[PDB]
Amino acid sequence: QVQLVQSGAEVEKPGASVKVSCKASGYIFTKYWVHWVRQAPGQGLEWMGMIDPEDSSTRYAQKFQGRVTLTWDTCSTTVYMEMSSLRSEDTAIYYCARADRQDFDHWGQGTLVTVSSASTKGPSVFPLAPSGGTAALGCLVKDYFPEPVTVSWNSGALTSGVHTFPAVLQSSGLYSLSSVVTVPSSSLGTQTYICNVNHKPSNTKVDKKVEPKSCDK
């Protein structure tokens, strides 16, 4: 029941700062150091620093000293990572992780931080309508910036057979992705299928019902 749950995705211009939260639950918080490590897109893992909630002492890697600040808020049992003077090279997924006797035994889900001067744009969401076998349906999430978007189905009740594809960067500089699921065709007229799309940078939240296209004239 150790959990670490991080805040949602961020996007900031070069020169700005960001502050990411890591909510801890389910253990004696003062007894374990919490670490931060980041991962640029298709890259490896880079250690940033750590904080002891017992006394709020910190230690940073040299390359982040003076730019990263870790704090511990005991009443909300939350660690915060703030980093200033952001650079393109700071685009990365930022993780918090609990250490136990130096080993990183529990990791948060990661927070994507994008450093960009491009304009934020929320997506449009369009149905991919299904056409004794299997049927495919989905949602098209078109024309957004920056990453990421999340797509769940039936508010998380439907997970089997879901495929949410990597976003493609269009020539417009905006992303588009599709999320599909395969279901029994016999469920089509009876079971309701809804894709829940979230694009935190633009505060876009869309729930789209996806039904067979009516051939009624």
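For every residue, the number given is its place in the sequence shown, counted from 1.
A chain break between residue 85 and residue 86 is not present, all residues of the deposited sequence in that interval being modelled. On average the C-alpha atoms of 146-154 have higher B-factors than those of the other stretch, with 146-154 and 49-57 being the two compared.
Taking only CA atoms, the mean B-factor in the PDB entry is higher for 178-186 than for the other of 28-36 and 178-186. The maximum CA B-factor among the listed residues 78, 131, 109, 102, taken from the PDB record, is found at 131.
Listed residues 194, 18, 9, 22 were ranked by CA B-factor as deposited; 194 comes out on top. In the PDB entry, a CA B factor belonging to the lowest third of its chain's modelled residues is recorded for residue 5. Per the PDB record, residue ranking by Cα B-factor puts residue 137 in the highest third of the chain.
Residue 96: CA B factor lies in the lowest third for its chain, per the PDB record. The PDB entry assigns residue 117 a C-alpha temperature factor belonging to the highest third of its chain's modelled residues. Residue-level temperature factors show residue 69 in the lowest third of its chain, judged at the C-alpha atom.
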